[PDB]
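In: PDB entry and its sequence, pasted below:
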Amino acid sequence: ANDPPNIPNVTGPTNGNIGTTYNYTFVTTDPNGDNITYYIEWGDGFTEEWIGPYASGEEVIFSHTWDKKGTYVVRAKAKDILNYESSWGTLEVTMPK
Ligand SMILES: [Ca+2]
């Protein structure tokens, strides 16, 4: 009967300056209204590993700083209390200088 969460959405700055801190907004819903945890990749090797639980539909804002030039693929997936996992939402963030 249980369904996995929907794929998370990630919004925030897609270009910035190396060393400056930026805020990213994450949110998804679970079809059953279940609480969920998020697994975030910042694209640079750092992660947030199943943070939460949070309410279904609650926007959660986390900041990050990249300290090397590059193009970083920020990704987020979610799983409900029964550990049924979503696919990944993604946002590409460029740090040119
Ligand atoms: Ca569910």
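Out: Looks like it came in fine. Residues are numbered from 1 along each chain as shown.
In: residue 15 against residue 94, yeah?
Out: Yes. Residue 15 is within contact range of residue 94, at 4.7 Å (criterion: CB atoms under 8 Å). From N, CA and C alone the C-beta is placed, and that goes for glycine too.
In: could you pull out the strands for the chain?
Out: For the chain, the strands defined by DSSP state E cover 9-11, 22-27, 36-41, 47-54, 60-64, 70-80, 89-95.
In: now the angle from the longest one to strand 47-54?
Out: Spelled out, that is strand 70-80. 40 degrees (axes from the mean of the first three to the mean of the last three CA atoms, to 10 degrees).
In: list the helices and strands strand 70-80 packs on?
Out: Counting contacts by 3 or more CB pairs under 8 Å, 6 or more residues apart in numbering; DSSP states H and E, strand 70-80 packs against strand 9-11, strand 36-41, strand 89-95.
In: what's the distance between residue 80 and residue 36?
Out: With the distance defined as CB to CB, to the nearest Å, residue 80 ends up 5 Å from residue 36.
In: nope, residue 71 is what I meant
Out: For residue 71 relative to residue 36 (CB to CB), the value is 28 Å.
In: for those two, indicate the residue with more neighbours.
Out: Each of residue 71 and residue 36 has its neighbours counted (other CB atoms under 10 Å); residue 36 has more, 27 against 13.
In: got a list of what that one touches?
Out: Taking CB atoms under 8 Å, 6 or more residues apart in numbering as the criterion, residue 36 is in contact with 5, 28, 30, 52, 53, 54, 56, 78, 79, 80, 81.
In: that one pairs with what?
Out: Note on residue 36: beta-bridge partners by DSSP bridges are residue 54, residue 80.
In: beta partners for the spatially most central residue of the chain?
Out: Central residue of the chain (CA atoms, centre = their mean): residue 76, 3.4 Å from the mean position. In this entry, residue 76 is beta-bridged to residue 40, residue 89, by DSSP bridges.
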